[PDB]
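Working notes, structure below.
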């Protein structure tokens, strides 16, 4: 339940 | 019979 | 100047009139010619 | 009749030159120290013997029998940053969502608050400045938003630069292309219900190119509520429509990859809750909308041509109505000049072909964190970026009256609009050439 | 009343022109020889007969009964290098690690020392100038570092240009992206414990765009110790975290390919021992940090608009307080003018898409020697490079008093701030136009 | 107080006719295309209907 707020996929 | 007036193909 | 007033639950204004001389002198030397001289003292404009 | 005498040297006649300059090796050592190139002392003496200070005793005397004046040209050079604290371009208040909660059994409690984000001085270019702003909105969400409910889906306030309305079809009620046409037209600010931005204490407003049609009324607040008519329309469900070939069409894409909601007002409407300034301006009611009290203007990174005033308290007579004082922030003024900063313009068709490549170039999608959401996406870079650029200014003030007895040490002072030294001055110096004007 | 006589030629009246010029074929041969375009002699005669020198005997006489003056406009043209020895832009002191040793059974003995690195004159452009500096730090390590312990892992001092802190997550305590976002914002200098840099005798400081808020206090030393608060945070172990999907996260990448340590303060902390100026400035304590006594400024490759002073000892009267002498470095001054150098600005979105390609273009990774280490990597090229550019300057000084007897040979002299000829002058010449001012 | 300032006046000696040099610094930021300058509109005649 932690949003890194970063699209690691792409 | 509706022209979206937009070439969706390409 | 320091004024002391009763408190009011609303914004108000303290209106002060500074008594002076607010005068004009009118000169009319020629046809269709009006020249004026204003003088306000104290508190000149 | 018109001499010019000094201590014990041959008298000179008609004119000459006194030089006001900071550099001098001697005076820097002694005199100024705790000063800077905007408030310093300097000896006008220029005679190799004599200890500065002891120089201060001497004086240049312009014949007493005549009223003198001197031409004053100056060389000013700064290097002030596009975005910095002193000029008021590193801060800006905006209202964002703080908490999203499940309350008192059935209520959805939304709590919004104003907060002032700051930027890291320097970072020129307009586009990038926008980005740094958007990023600051985020950086805050990272410290408060998420950890209090509020999803990305409902991030209030984002500066973009495109015309969410190009695709738009007057019948469909949707942006047919299924994508908000990714080209940059002008900066604008987008808001979600309940939030908004305030520039009351910031020149960044001028950077976005949005000004009040009535400047002097201190108070630049642009609420969501203000952006009436002109909520970003929604996207056609390009996939559904096509595959479906009735026709789906009415289907207005509700989310996106990684499923973020485009906050649509209702299960029916083609409009989203996202309101855009740029839209309200030219797409909303001209008589009551925002176009009524704000003006769409050219960007300009400098944030606003400001002027600086010079003063040579100990050498020129005090201009008409100034009174002589010793309060650095009230010295008489003898010359005004625009603060040395220009807007150089370039062409980067590489923009958005570059945002596309820029993202791989920069090893991170730091600014584009939401590469799917057609809104929260990273605004397109506009062709033609602007950049504040510092330039030396060889200005020229007119002849000004002089005192007939010029002190050995003169005080030079460059002030700004609000009257305060300006830290960003690297070089200031002037040349004065006295000459007769009439006699006593 | 107002004549102008010469040897035996018709008298001229009211005004005319005497020309100060270096080029003349005759005088170059004889006169100047061991001189240069900044300290030369020239005949004002301009009469085809008469051997120069014998010309020197003759004189232009401005009627004696009146005090004359002359307008003096000049044409100055240089071609001085961005980085050279005379201007103080080719050297700069920095303190680096000299030796890493295993001592007295258990002690780790670190020996640091100050050393002055020099650059190869010329090499314009700011970015590249940075690189040349970083390279000089290295070139030194190559001659002392390695062969005395000290690994690359612990190279002290490196000039970079990015915001090691964009990725940063207020909770994680790490730069989530696993990479210091590769975009250029402003030059800054990074330091390791115990080392630092000194610019006390260098204008390069001005190139980096870092100045003292109190200029005149000779002494620009920026220690590691000074860069309080604001040590480059560490990188998230992107690999671990992802593969692991508790969550590893807390894992702050300790090395990199080719295993170099990111000198983390302790097995716990998310911060590294690497301190960045740029961080301290806007991310550290504003009241006590570095932002307290240094200023973030626009770069400027010229390194600092400096001025040059003219002098025509044998033709103009000596201005107010100067005394006449024969010491070339004290001649009276008659005109000041900024030294002909500007900052042309360009756009290269090709930067960092180019560093990427530039590395293949240049058959060597000479500047990028450590293409893995997120720190020691090669700083990103900033969009908008600056380049000092020389430009002819058609300046114009005012009317200056003249001697009523102008010698056949006049001496022209352009000096600099510190008073010394300036080797970089290619063309200097002036035109004087005398005219009456009053009578005796 | 401004306004009270308005009362005062700068007097250039009466016995002579004066004149003054007037240099100014003007700076705008008007858009290429806007309504006030008349660059945001333009009439054209197009086809409205095609019928049988």
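Chains as they are written, first to last, in the authors' numbering: chain T, 10 to 19; chain S, 10 to 19; chain P, 902 to 946; chain B, 52 to 296, 375 to 569; chain C, 52 to 296, 375 to 569; chain A, 102 to 153. Note that CB positions come from ideal geometry on N, CA and C, so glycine has one too.
Residue interval of the alpha helix (DSSP H) (run including residue i)
{"i": "residue 191 of chain C", "result": "177-191"}
{"i": "residue 256 of chain C", "result": "255-259"}
{"i": "residue 293 of chain B", "result": "289-294"}
Interface flag, residue i vs chain E, CB-CB below 8 Å
{"i": "residue 228 of chain C", "result": "Included in the structure are the protein chains T, S, P, B, C and A, with no chain E among them."}
Sheet register partners of residue i (DSSP bridge)
{"i": "residue 90 of chain C", "result": "C/87 and C/542"}
{"i": "residue 401 of chain B", "result": "B/393"}
{"i": "residue 438 of chain C", "result": "C/465 and C/544"}
{"i": "residue 518 of chain C", "result": "C/471"}
{"i": "residue 926 of chain P", "result": "P/938"}
{"i": "residue 406 of chain C", "result": "None, per the DSSP bridge assignment."}
{"i": "residue 248 of chain B", "result": "B/145 and B/273"}
{"i": "residue 525 of chain B", "result": "B/124"}
{"i": "residue 496 of chain C", "result": "None, per the DSSP bridge assignment."}
{"i": "residue 228 of chain C", "result": "According to DSSP, residue 228 of chain C bridges with nothing at all."}
With 16 other Cβ atoms within 10 Å as the buried cut-off, status of residue i
{"i": "residue 143 of chain B", "result": "buried"}
{"i": "residue 499 of chain B", "result": "buried"}
{"i": "residue 227 of chain C", "result": "buried"}
{"i": "residue 184 of chain C", "result": "buried"}
{"i": "residue 456 of chain C", "result": "exposed"}
{"i": "residue 288 of chain C", "result": "buried"}
{"i": "residue 937 of chain P", "result": "exposed"}
{"i": "residue 389 of chain B", "result": "buried"}
Helix, strand or coil at residue i [DSSP, three-state]
{"i": "residue 918 of chain P", "result": "coil"}
{"i": "residue 111 of chain C", "result": "strand"}
{"i": "residue 282 of chain B", "result": "strand"}
{"i": "residue 77 of chain C", "result": "helix"}
{"i": "residue 388 of chain B", "result": "helix"}
{"i": "residue 263 of chain B", "result": "strand"}
{"i": "residue 940 of chain P", "result": "strand"}
{"i": "residue 145 of chain B", "result": "strand"}
{"i": "residue 219 of chain B", "result": "coil"}
{"i": "residue 487 of chain C", "result": "helix"}
{"i": "residue 194 of chain B", "result": "helix"}
Segment limits, beta strand (DSSP E) that includes residue i
{"i": "residue 557 of chain C", "result": "554-568"}
{"i": "residue 239 of chain B", "result": "235-242"}
{"i": "residue 117 of chain B", "result": "117-129"}
{"i": "residue 56 of chain C", "result": "54-57"}
{"i": "residue 70 of chain B", "result": "69-72"}
{"i": "residue 429 of chain B", "result": "Careful: residue 429 of chain B lies outside any beta strand (DSSP E) and carries neither H nor E."}
{"i": "residue 162 of chain B", "result": "158-169"}
{"i": "residue 535 of chain C", "result": "534-536"}
{"i": "residue 424 of chain C", "result": "423-425"}
{"i": "residue 212 of chain C", "result": "209-213"}
Margin query: For the structure I just gave you, are there three or more beta carbon pairs, one from the segment 213-229 of chain B and one from the segment 98-108 of chain B, closer than 8 Å?
Written below: Contact check between the segment 213-229 of chain B and the segment 98-108 of chain B: fewer than three CB pairs, one atom from each, fall below 8 Å, which does not count as touching.
Note to self: I want to know whether the segment 273-283 of chain C touches the segment 401-413 of chain C - three or more CB-CB distances under 8 Å.
What the structure shows: yes
Check: Given 8 Å as the limit, is there contact between the segment 255-263 of chain C and the segment 430-437 of chain C, that is, 3 or more CB pairs closer than that?
Finding: yes
Notebook entry, point to check: On the three-pair Cβ rule with 8 Å, is the segment 534-550 of chain C touching the segment 72-91 of chain C?
Noted result: The segment 534-550 of chain C and the segment 72-91 of chain C touch, with no fewer than 3 CB-CB distances between them shorter than 8 Å.
Note to self: Closer than 8 Å is the cut-off here; do at least three beta carbon pairs connect the segment 93-103 of chain B with the segment 518-526 of chain B?
What the structure shows: no
Note to self: For the segment 466-480 of chain C against the segment 64-76 of chain B, do three or more pairs of beta-carbon atoms, one drawn from each stretch, fall closer than 8 Å, so that the two count as touching?
What the structure shows: When C-beta atoms of the segment 466-480 of chain C are compared with those of the segment 64-76 of chain B, fewer than three pairs fall below 8 Å, so the two segments do not count as touching.
Check: Are the segment 245-252 of chain C and the segment 192-202 of chain C touching by the rule of at least three beta carbon pairs closer than 8 Å?
Finding: With contact defined as three or more Cβ pairs closer than 8 Å, the segment 245-252 of chain C and the segment 192-202 of chain C are not in contact.
Notebook entry, point to check: Pairing CB atoms from the segment 493-511 of chain C with CB atoms from the segment 409-426 of chain C, are three or more of them under 8 Å?
Noted result: no
Notebook entry, point to check: Is the segment 144-151 of chain A touching the segment 442-456 of chain B in the sense that three or more CB pairs, one from each, lie closer than 8 Å?
Noted result: no
Item checked: Three-pair Cβ contact test at 8 Å for the segment 59-72 of chain C versus the segment 121-136 of chain B -> No: the two stretches stay apart, fewer than three of their Cβ pairs being nearer than 8 Å.
Note to self: Measuring CB atoms only, is the segment 112-120 of chain B touching the segment 235-242 of chain B, in the sense that at least three cross pairs come out at less than 8 Å?
What the structure shows: Judged by pairs of C-beta atoms under 8 Å, the segment 112-120 of chain B does not touch the segment 235-242 of chain B, as fewer than three such pairs exist.
Margin query: For the structure I just gave you, are there three or more beta carbon pairs, one from the segment 915-928 of chain P and one from the segment 536-544 of chain C, closer than 8 Å?
Written below: no
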